[PDB]
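Here the structure is laid out as structure tokens; the discussion comes afterwards.
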Amino acid sequence: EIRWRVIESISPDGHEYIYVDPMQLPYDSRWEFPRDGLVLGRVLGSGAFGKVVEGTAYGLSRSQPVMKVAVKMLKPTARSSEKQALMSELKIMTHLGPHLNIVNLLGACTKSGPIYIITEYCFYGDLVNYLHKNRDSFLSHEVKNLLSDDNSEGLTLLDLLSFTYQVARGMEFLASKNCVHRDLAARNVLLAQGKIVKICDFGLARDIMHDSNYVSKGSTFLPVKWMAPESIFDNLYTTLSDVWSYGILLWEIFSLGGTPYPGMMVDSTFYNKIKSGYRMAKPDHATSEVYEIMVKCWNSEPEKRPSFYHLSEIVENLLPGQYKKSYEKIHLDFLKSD
Ligand SMILES: CCN(CC)CCNC(=O)c1c(C)[nH]c(/C=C2\C(=O)Nc3ccc(F)cc32)c1C
Ligand SMILES: [Cl-]
Ligand SMILES: [Cl-]
């Protein structure tokens, strides 16, 4: 099963959303890539129903003819409905199109054997792991030119703001396609060479059962600490509830990978506190301004939360003018790729 959902229509009220169904959408066979060409490496992440594997693609890209990529595939056991869910994920990726700040679809092997989804390889791994690895090196404080490069220096507040801006940009693209993530968290944000953040669903390769954050509910498991109240209590997911998750994500970022609501376990009294209006306090490294962003995203009234487009502007003003220049260039280069 896949978490991602694209909105097709809303009732006039509108208390009823209608989500596109992937199986309805057509798989463009242009994406097909010969299996022999692909080479499979060590497994990036393994879970209950499949895994993501590092790999190398030859001739997949005109720009880069020898490319390193991450491949998603189902386990052999391969329950038939799961096989459709992977095609579904593939169709959704095709429908959304590409963006700099998502893990992008590159190709697929669907014709003769297990289905393979080829995707961008993110050299630095998940954001949460990366923050933990660079925790001790953190100092607050031509620094701007280095930010969107692989050059080696201590993690700084500019980096954290760069991650913040890019995730917002990523959401805007997603929001702009009426796509609701429903599992936005630092564990679902990967980092690519050049320090480009890429939002993605880890779901098929990750196992929820082993992961501590997910809490059981009606035969499913929910990222409760990242969920807006309407998602918790009323089971409604919108772009506005993703904005809530984004605020929690910023807390993760500016606490250098801390667990949200530290010391608080998800129980009867937790739900009462979220319903009470409890919000987290400012994390240690959060600038006064960023915390204001977190608070705005945590508004109890969903329509009062800022739009993802709006957030990008707010973060852009917390960053030097040269950074936006550097991002626009990398934006164009990415679009010209291949
Ligand atoms: C750094 C230590 N890590 C274990 C804690 C192992 C190192 N590497 C890692 O974690 C790692 C890296 C470097 N990439 C991934 C996963 C993906 C990746 O890169 N692109 C993707 C695209 C799609 C996808 F679904 C997963 C990945 C991991 C888990
Ligand atoms: Cl855009
Ligand atoms: Cl731009």
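Letters A, B, ... mark the chains of the structure tokens in the order given; residue numbers begin at 1 per chain; ligand numbers begin at 1, in order shown.
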Expected selection as an mmCIF file with N, CA and C atoms, in the first residue's frame for ligand 1 within 9 Å, only C-alpha atoms and all ligand atoms:
```
data_model
loop_
_atom_site.group_PDB
_atom_site.id
_atom_site.type_symbol
_atom_site.label_atom_id
_atom_site.label_comp_id
_atom_site.auth_asym_id
_atom_site.auth_seq_id
_atom_site.Cartn_x
_atom_site.Cartn_y
_atom_site.Cartn_z
ATOM 1 N N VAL A 43 21.720 -3.383 -0.441
ATOM 2 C CA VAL A 43 20.402 -2.854 -0.120
ATOM 3 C C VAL A 43 20.416 -1.654 0.810
ATOM 4 N N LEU A 44 19.868 -0.547 0.309
ATOM 5 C CA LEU A 44 19.735 0.715 1.031
ATOM 6 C C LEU A 44 18.824 0.637 2.247
ATOM 7 N N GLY A 45 17.683 -0.021 2.086
ATOM 8 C CA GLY A 45 16.706 -0.153 3.153
ATOM 9 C C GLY A 45 15.790 -1.340 2.921
ATOM 10 N N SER A 46 15.579 -2.175 3.937
ATOM 11 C CA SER A 46 14.753 -3.369 3.815
ATOM 12 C C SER A 46 13.570 -3.273 4.767
ATOM 13 N N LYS A 51 12.261 -3.854 -0.644
ATOM 14 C CA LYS A 51 13.498 -3.159 -0.314
ATOM 15 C C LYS A 51 13.827 -2.155 -1.410
ATOM 16 N N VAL A 52 14.645 -1.164 -1.054
ATOM 17 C CA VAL A 52 15.284 -0.265 -2.011
ATOM 18 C C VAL A 52 16.759 -0.634 -2.079
ATOM 19 N N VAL A 53 17.267 -0.813 -3.294
ATOM 20 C CA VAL A 53 18.625 -1.283 -3.530
ATOM 21 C C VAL A 53 19.378 -0.232 -4.334
ATOM 22 N N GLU A 54 20.623 0.026 -3.942
ATOM 23 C CA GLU A 54 21.506 0.837 -4.763
ATOM 24 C C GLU A 54 21.818 0.104 -6.062
ATOM 25 N N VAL A 69 21.840 4.643 -9.210
ATOM 26 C CA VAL A 69 20.452 4.876 -8.860
ATOM 27 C C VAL A 69 19.902 3.894 -7.847
ATOM 28 N N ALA A 70 18.823 4.295 -7.186
ATOM 29 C CA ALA A 70 18.167 3.470 -6.188
ATOM 30 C C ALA A 70 16.974 2.789 -6.823
ATOM 31 N N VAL A 71 16.865 1.488 -6.604
ATOM 32 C CA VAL A 71 15.798 0.686 -7.172
ATOM 33 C C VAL A 71 14.875 0.128 -6.107
ATOM 34 N N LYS A 72 13.578 0.228 -6.370
ATOM 35 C CA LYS A 72 12.563 -0.263 -5.463
ATOM 36 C C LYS A 72 11.956 -1.519 -6.042
ATOM 37 N N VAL A 103 12.390 12.869 -4.692
ATOM 38 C CA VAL A 103 13.090 11.747 -5.302
ATOM 39 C C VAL A 103 12.357 11.389 -6.586
ATOM 40 N N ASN A 104 13.022 11.584 -7.718
ATOM 41 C CA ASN A 104 12.369 11.543 -9.014
ATOM 42 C C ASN A 104 12.423 10.159 -9.641
ATOM 43 N N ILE A 118 12.895 2.590 -10.821
ATOM 44 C CA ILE A 118 14.205 3.209 -10.758
ATOM 45 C C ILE A 118 14.051 4.631 -10.273
ATOM 46 N N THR A 119 14.854 5.022 -9.298
ATOM 47 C CA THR A 119 14.749 6.363 -8.752
ATOM 48 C C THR A 119 16.090 6.999 -8.442
ATOM 49 N N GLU A 120 16.068 8.303 -8.220
ATOM 50 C CA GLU A 120 17.269 9.053 -7.927
ATOM 51 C C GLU A 120 17.932 8.504 -6.685
ATOM 52 N N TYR A 121 19.259 8.519 -6.682
ATOM 53 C CA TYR A 121 20.049 8.036 -5.557
ATOM 54 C C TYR A 121 20.457 9.240 -4.727
ATOM 55 N N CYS A 122 20.238 9.154 -3.422
ATOM 56 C CA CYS A 122 20.526 10.275 -2.527
ATOM 57 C C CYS A 122 21.742 9.913 -1.679
ATOM 58 N N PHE A 123 22.872 10.572 -1.954
ATOM 59 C CA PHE A 123 24.155 10.105 -1.434
ATOM 60 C C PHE A 123 24.205 10.159 0.085
ATOM 61 N N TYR A 124 23.600 11.177 0.680
ATOM 62 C CA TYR A 124 23.699 11.390 2.115
ATOM 63 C C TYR A 124 22.621 10.670 2.916
ATOM 64 N N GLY A 125 21.722 9.932 2.272
ATOM 65 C CA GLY A 125 20.768 9.248 3.123
ATOM 66 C C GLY A 125 19.684 10.186 3.648
ATOM 67 N N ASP A 126 18.922 9.668 4.602
ATOM 68 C CA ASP A 126 17.821 10.401 5.200
ATOM 69 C C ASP A 126 18.315 11.549 6.046
ATOM 70 N N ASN A 129 19.100 10.749 9.919
ATOM 71 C CA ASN A 129 20.378 10.104 10.164
ATOM 72 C C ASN A 129 21.540 11.080 10.007
ATOM 73 N N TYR A 130 21.448 11.930 8.991
ATOM 74 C CA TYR A 130 22.479 12.902 8.678
ATOM 75 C C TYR A 130 22.632 13.920 9.779
ATOM 76 N N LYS A 133 24.458 12.339 12.623
ATOM 77 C CA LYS A 133 25.872 12.124 12.332
ATOM 78 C C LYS A 133 26.681 13.410 12.440
ATOM 79 N N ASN A 188 11.534 10.871 5.922
ATOM 80 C CA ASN A 188 11.093 10.772 4.537
ATOM 81 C C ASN A 188 11.685 11.871 3.660
ATOM 82 N N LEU A 190 15.268 12.788 1.954
ATOM 83 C CA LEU A 190 16.600 12.317 1.642
ATOM 84 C C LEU A 190 17.446 13.478 1.185
ATOM 85 N N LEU A 191 18.755 13.303 1.246
ATOM 86 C CA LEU A 191 19.689 14.328 0.827
ATOM 87 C C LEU A 191 20.490 13.772 -0.342
ATOM 88 N N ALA A 192 20.678 14.592 -1.365
ATOM 89 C CA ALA A 192 21.395 14.188 -2.565
ATOM 90 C C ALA A 192 22.719 14.908 -2.653
ATOM 91 N N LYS A 198 15.402 15.924 -1.056
ATOM 92 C CA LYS A 198 14.428 15.317 -1.951
ATOM 93 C C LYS A 198 13.390 14.594 -1.109
ATOM 94 N N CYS A 200 10.387 12.127 -0.376
ATOM 95 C CA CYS A 200 9.944 10.876 -0.973
ATOM 96 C C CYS A 200 9.179 10.072 0.061
ATOM 97 N N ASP A 201 8.417 9.106 -0.435
ATOM 98 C CA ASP A 201 7.812 8.087 0.404
ATOM 99 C C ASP A 201 8.771 6.906 0.497
ATOM 100 N N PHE A 202 9.212 6.605 1.712
ATOM 101 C CA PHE A 202 10.033 5.442 2.017
ATOM 102 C C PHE A 202 9.201 4.178 2.207
ATOM 103 N N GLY A 203 7.886 4.253 1.984
ATOM 104 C CA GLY A 203 6.966 3.316 2.618
ATOM 105 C C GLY A 203 7.210 1.863 2.257
ATOM 106 N N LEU A 204 7.325 1.571 0.960
ATOM 107 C CA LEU A 204 7.440 0.180 0.538
ATOM 108 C C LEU A 204 8.727 -0.471 1.031
ATOM 109 N N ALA A 205 9.823 0.289 1.138
ATOM 110 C CA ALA A 205 11.070 -0.280 1.640
ATOM 111 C C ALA A 205 11.141 -0.277 3.158
ATOM 112 N N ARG A 206 10.429 0.628 3.817
ATOM 113 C CA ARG A 206 10.452 0.665 5.267
ATOM 114 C C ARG A 206 9.412 -0.289 5.836
#
```
*Around ligand 3, at most 9 Å away and counting only C-alpha atoms and all ligand atoms, which residues are there? Put them as a PyMOL selection string, please.*
chain A and resi 169+324-325+327-332
_Set the distance at 7 Å and use only C-alpha atoms: which residues neighbour residue 182 of chain A once local chain neighbours fewer than 5 positions away are removed? I'd like the list as a PyMOL selection string._
chain A and resi 3-4+237+242
Taking a cut-off of 12 Å and counting only C-alpha atoms and all ligand atoms, can you build a table that, for each residue of chain A near ligand 2, reports the nearest atom pair and how far apart they are in Å (one decimal), sorted by chain then residue number, as JSON lines?
```
{"residue": "A:96", "atom": "CA", "partner": "ligand 2", "partner_atom_place_in_ligand_line": "1 (Cl)", "distance": 11.8}
{"residue": "A:97", "atom": "CA", "partner": "ligand 2", "partner_atom_place_in_ligand_line": "1 (Cl)", "distance": 10.9}
{"residue": "A:98", "atom": "CA", "partner": "ligand 2", "partner_atom_place_in_ligand_line": "1 (Cl)", "distance": 9.5}
{"residue": "A:99", "atom": "CA", "partner": "ligand 2", "partner_atom_place_in_ligand_line": "1 (Cl)", "distance": 7.0}
{"residue": "A:100", "atom": "CA", "partner": "ligand 2", "partner_atom_place_in_ligand_line": "1 (Cl)", "distance": 8.3}
{"residue": "A:101", "atom": "CA", "partner": "ligand 2", "partner_atom_place_in_ligand_line": "1 (Cl)", "distance": 9.2}
{"residue": "A:102", "atom": "CA", "partner": "ligand 2", "partner_atom_place_in_ligand_line": "1 (Cl)", "distance": 11.1}
{"residue": "A:166", "atom": "CA", "partner": "ligand 2", "partner_atom_place_in_ligand_line": "1 (Cl)", "distance": 10.9}
{"residue": "A:167", "atom": "CA", "partner": "ligand 2", "partner_atom_place_in_ligand_line": "1 (Cl)", "distance": 11.9}
{"residue": "A:168", "atom": "CA", "partner": "ligand 2", "partner_atom_place_in_ligand_line": "1 (Cl)", "distance": 10.5}
{"residue": "A:169", "atom": "CA", "partner": "ligand 2", "partner_atom_place_in_ligand_line": "1 (Cl)", "distance": 7.0}
{"residue": "A:170", "atom": "CA", "partner": "ligand 2", "partner_atom_place_in_ligand_line": "1 (Cl)", "distance": 7.9}
{"residue": "A:171", "atom": "CA", "partner": "ligand 2", "partner_atom_place_in_ligand_line": "1 (Cl)", "distance": 9.4}
{"residue": "A:172", "atom": "CA", "partner": "ligand 2", "partner_atom_place_in_ligand_line": "1 (Cl)", "distance": 6.9}
{"residue": "A:173", "atom": "CA", "partner": "ligand 2", "partner_atom_place_in_ligand_line": "1 (Cl)", "distance": 5.4}
{"residue": "A:174", "atom": "CA", "partner": "ligand 2", "partner_atom_place_in_ligand_line": "1 (Cl)", "distance": 9.1}
{"residue": "A:175", "atom": "CA", "partner": "ligand 2", "partner_atom_place_in_ligand_line": "1 (Cl)", "distance": 10.3}
{"residue": "A:176", "atom": "CA", "partner": "ligand 2", "partner_atom_place_in_ligand_line": "1 (Cl)", "distance": 8.4}
{"residue": "A:177", "atom": "CA", "partner": "ligand 2", "partner_atom_place_in_ligand_line": "1 (Cl)", "distance": 10.4}
{"residue": "A:308", "atom": "CA", "partner": "ligand 2", "partner_atom_place_in_ligand_line": "1 (Cl)", "distance": 11.4}
{"residue": "A:309", "atom": "CA", "partner": "ligand 2", "partner_atom_place_in_ligand_line": "1 (Cl)", "distance": 9.4}
{"residue": "A:312", "atom": "CA", "partner": "ligand 2", "partner_atom_place_in_ligand_line": "1 (Cl)", "distance": 10.8}
{"residue": "A:327", "atom": "CA", "partner": "ligand 2", "partner_atom_place_in_ligand_line": "1 (Cl)", "distance": 11.5}
{"residue": "A:328", "atom": "CA", "partner": "ligand 2", "partner_atom_place_in_ligand_line": "1 (Cl)", "distance": 10.3}
{"residue": "A:331", "atom": "CA", "partner": "ligand 2", "partner_atom_place_in_ligand_line": "1 (Cl)", "distance": 8.7}
{"residue": "A:332", "atom": "CA", "partner": "ligand 2", "partner_atom_place_in_ligand_line": "1 (Cl)", "distance": 10.7}
{"residue": "A:334", "atom": "CA", "partner": "ligand 2", "partner_atom_place_in_ligand_line": "1 (Cl)", "distance": 11.7}
{"residue": "A:335", "atom": "CA", "partner": "ligand 2", "partner_atom_place_in_ligand_line": "1 (Cl)", "distance": 10.5}
```
Could you write out that same residue set with N, CA and C atoms as a tab-separated table (two decimals), in the first residue's frame?
```tsv
chain	number	residue	atom	x	y	z
A	96	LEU	N	2.67	13.03	-11.64
A	96	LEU	CA	3.15	14.23	-10.98
A	96	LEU	C	4.19	14.97	-11.81
A	97	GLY	N	5.03	14.24	-12.54
A	97	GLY	CA	6.15	14.84	-13.22
A	97	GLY	C	7.30	15.04	-12.26
A	98	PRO	N	8.40	15.61	-12.75
A	98	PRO	CA	9.60	15.74	-11.92
A	98	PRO	C	9.69	17.08	-11.20
A	99	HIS	N	10.46	17.08	-10.11
A	99	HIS	CA	10.82	18.30	-9.41
A	99	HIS	C	12.17	18.11	-8.75
A	100	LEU	N	12.87	19.23	-8.55
A	100	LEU	CA	14.21	19.18	-7.98
A	100	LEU	C	14.21	18.58	-6.58
A	101	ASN	N	13.15	18.85	-5.81
A	101	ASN	CA	13.12	18.55	-4.38
A	101	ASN	C	12.22	17.35	-4.05
A	102	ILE	N	12.06	16.42	-4.99
A	102	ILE	CA	11.50	15.11	-4.71
A	102	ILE	C	12.44	14.06	-5.28
A	166	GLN	N	14.17	24.06	1.00
A	166	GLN	CA	14.01	23.07	-0.07
A	166	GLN	C	12.79	22.18	0.18
A	167	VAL	N	12.58	21.77	1.44
A	167	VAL	CA	11.39	20.98	1.76
A	167	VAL	C	10.12	21.76	1.44
A	168	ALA	N	10.11	23.06	1.74
A	168	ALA	CA	8.97	23.89	1.38
A	168	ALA	C	8.78	23.92	-0.13
A	169	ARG	N	9.86	24.09	-0.87
A	169	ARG	CA	9.75	24.12	-2.31
A	169	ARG	C	9.22	22.78	-2.77
A	170	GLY	N	9.67	21.71	-2.14
A	170	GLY	CA	9.21	20.40	-2.53
A	170	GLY	C	7.72	20.26	-2.33
A	171	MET	N	7.22	20.74	-1.21
A	171	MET	CA	5.79	20.66	-0.94
A	171	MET	C	4.97	21.47	-1.93
A	172	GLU	N	5.48	22.63	-2.29
A	172	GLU	CA	4.74	23.48	-3.19
A	172	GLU	C	4.49	22.74	-4.48
A	173	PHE	N	5.50	22.03	-4.97
A	173	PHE	CA	5.29	21.29	-6.19
A	173	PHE	C	4.23	20.24	-5.93
A	174	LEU	N	4.36	19.55	-4.80
A	174	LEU	CA	3.39	18.52	-4.45
A	174	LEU	C	2.01	19.10	-4.20
A	175	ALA	N	1.97	20.22	-3.49
A	175	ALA	CA	0.70	20.86	-3.22
A	175	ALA	C	0.09	21.34	-4.51
A	176	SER	N	0.93	21.87	-5.38
A	176	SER	CA	0.48	22.41	-6.66
A	176	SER	C	-0.14	21.35	-7.54
A	177	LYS	N	0.23	20.08	-7.37
A	177	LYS	CA	-0.38	18.97	-8.08
A	177	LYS	C	-1.53	18.35	-7.30
A	308	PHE	N	1.94	26.40	1.34
A	308	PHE	CA	3.31	25.97	1.10
A	308	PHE	C	4.06	26.94	0.21
A	309	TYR	N	3.40	27.47	-0.82
A	309	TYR	CA	3.97	28.59	-1.57
A	309	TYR	C	4.33	29.73	-0.63
A	312	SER	N	7.61	29.17	1.43
A	312	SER	CA	8.85	29.36	0.69
A	312	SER	C	9.30	30.82	0.70
A	327	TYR	N	20.01	28.64	-5.97
A	327	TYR	CA	18.93	27.67	-6.14
A	327	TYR	C	18.34	27.74	-7.54
A	328	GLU	N	18.11	28.96	-8.05
A	328	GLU	CA	17.52	29.10	-9.38
A	328	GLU	C	18.40	28.46	-10.45
A	331	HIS	N	18.07	24.85	-10.12
A	331	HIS	CA	16.75	24.54	-10.66
A	331	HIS	C	16.80	24.37	-12.17
A	332	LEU	N	17.42	25.33	-12.86
A	332	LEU	CA	17.50	25.27	-14.32
A	332	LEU	C	18.35	24.09	-14.78
A	334	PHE	N	18.90	21.27	-13.28
A	334	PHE	CA	18.10	20.06	-13.09
A	334	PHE	C	17.10	19.88	-14.21
A	335	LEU	N	16.42	20.96	-14.61
A	335	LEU	CA	15.40	20.84	-15.65
A	335	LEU	C	16.03	20.57	-17.01
```
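Ranking A:283, A:37, A:229, A:113 by their shortest atom-to-atom distance to residue 262 of chain A, with only C-alpha atoms included, puts A:283 first.
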*Can you list every residue in segment 16-96 of chain A that DSSP puts in alpha helix (DSSP H), as a ChimeraX atom specification?*
/A:80-96
Written file, previous selection with N, CA and C atoms, as a PDB file, in the first residue's frame:
```pdb
ATOM      1  N   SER A  80      -0.328 -10.245  -4.635  1.00  0.00           N
ATOM      2  CA  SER A  80      -0.693  -9.670  -5.928  1.00  0.00           C
ATOM      3  C   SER A  80      -1.165  -8.226  -5.796  1.00  0.00           C
ATOM      4  N   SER A  81      -1.897  -7.914  -4.728  1.00  0.00           N
ATOM      5  CA  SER A  81      -2.332  -6.538  -4.517  1.00  0.00           C
ATOM      6  C   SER A  81      -1.140  -5.609  -4.308  1.00  0.00           C
ATOM      7  N   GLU A  82      -0.076  -6.108  -3.670  1.00  0.00           N
ATOM      8  CA  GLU A  82       1.142  -5.316  -3.520  1.00  0.00           C
ATOM      9  C   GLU A  82       1.764  -4.988  -4.872  1.00  0.00           C
ATOM     10  N   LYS A  83       1.780  -5.959  -5.793  1.00  0.00           N
ATOM     11  CA  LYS A  83       2.325  -5.711  -7.125  1.00  0.00           C
ATOM     12  C   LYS A  83       1.581  -4.580  -7.823  1.00  0.00           C
ATOM     13  N   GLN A  84       0.262  -4.504  -7.628  1.00  0.00           N
ATOM     14  CA  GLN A  84      -0.500  -3.397  -8.193  1.00  0.00           C
ATOM     15  C   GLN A  84      -0.160  -2.081  -7.506  1.00  0.00           C
ATOM     16  N   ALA A  85       0.063  -2.115  -6.190  1.00  0.00           N
ATOM     17  CA  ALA A  85       0.417  -0.898  -5.470  1.00  0.00           C
ATOM     18  C   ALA A  85       1.721  -0.304  -5.989  1.00  0.00           C
ATOM     19  N   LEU A  86       2.660  -1.157  -6.412  1.00  0.00           N
ATOM     20  CA  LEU A  86       3.922  -0.655  -6.946  1.00  0.00           C
ATOM     21  C   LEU A  86       3.726  -0.018  -8.315  1.00  0.00           C
ATOM     22  N   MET A  87       2.948  -0.670  -9.183  1.00  0.00           N
ATOM     23  CA  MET A  87       2.545  -0.035 -10.433  1.00  0.00           C
ATOM     24  C   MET A  87       1.808   1.265 -10.167  1.00  0.00           C
ATOM     25  N   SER A  88       1.002   1.289  -9.101  1.00  0.00           N
ATOM     26  CA  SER A  88       0.264   2.490  -8.732  1.00  0.00           C
ATOM     27  C   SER A  88       1.209   3.626  -8.372  1.00  0.00           C
ATOM     28  N   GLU A  89       2.219   3.296  -7.585  1.00  0.00           N
ATOM     29  CA  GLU A  89       3.215   4.260  -7.191  1.00  0.00           C
ATOM     30  C   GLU A  89       3.898   4.738  -8.461  1.00  0.00           C
ATOM     31  N   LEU A  90       4.163   3.816  -9.377  1.00  0.00           N
ATOM     32  CA  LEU A  90       4.815   4.193 -10.620  1.00  0.00           C
ATOM     33  C   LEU A  90       3.971   5.145 -11.447  1.00  0.00           C
ATOM     34  N   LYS A  91       2.674   4.876 -11.528  1.00  0.00           N
ATOM     35  CA  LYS A  91       1.781   5.746 -12.284  1.00  0.00           C
ATOM     36  C   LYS A  91       1.663   7.120 -11.635  1.00  0.00           C
ATOM     37  N   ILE A  92       1.618   7.166 -10.302  1.00  0.00           N
ATOM     38  CA  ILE A  92       1.533   8.445  -9.606  1.00  0.00           C
ATOM     39  C   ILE A  92       2.767   9.290  -9.894  1.00  0.00           C
ATOM     40  N   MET A  93       3.953   8.676  -9.845  1.00  0.00           N
ATOM     41  CA  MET A  93       5.178   9.404 -10.167  1.00  0.00           C
ATOM     42  C   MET A  93       5.131   9.976 -11.576  1.00  0.00           C
ATOM     43  N   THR A  94       4.645   9.182 -12.515  1.00  0.00           N
ATOM     44  CA  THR A  94       4.541   9.627 -13.888  1.00  0.00           C
ATOM     45  C   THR A  94       3.581  10.796 -14.021  1.00  0.00           C
ATOM     46  N   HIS A  95       2.481  10.751 -13.278  1.00  0.00           N
ATOM     47  CA  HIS A  95       1.462  11.793 -13.363  1.00  0.00           C
ATOM     48  C   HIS A  95       1.960  13.102 -12.769  1.00  0.00           C
ATOM     49  N   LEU A  96       2.673  13.027 -11.645  1.00  0.00           N
ATOM     50  CA  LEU A  96       3.149  14.234 -10.980  1.00  0.00           C
ATOM     51  C   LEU A  96       4.189  14.970 -11.813  1.00  0.00           C
TER      52      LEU A  96
END
```
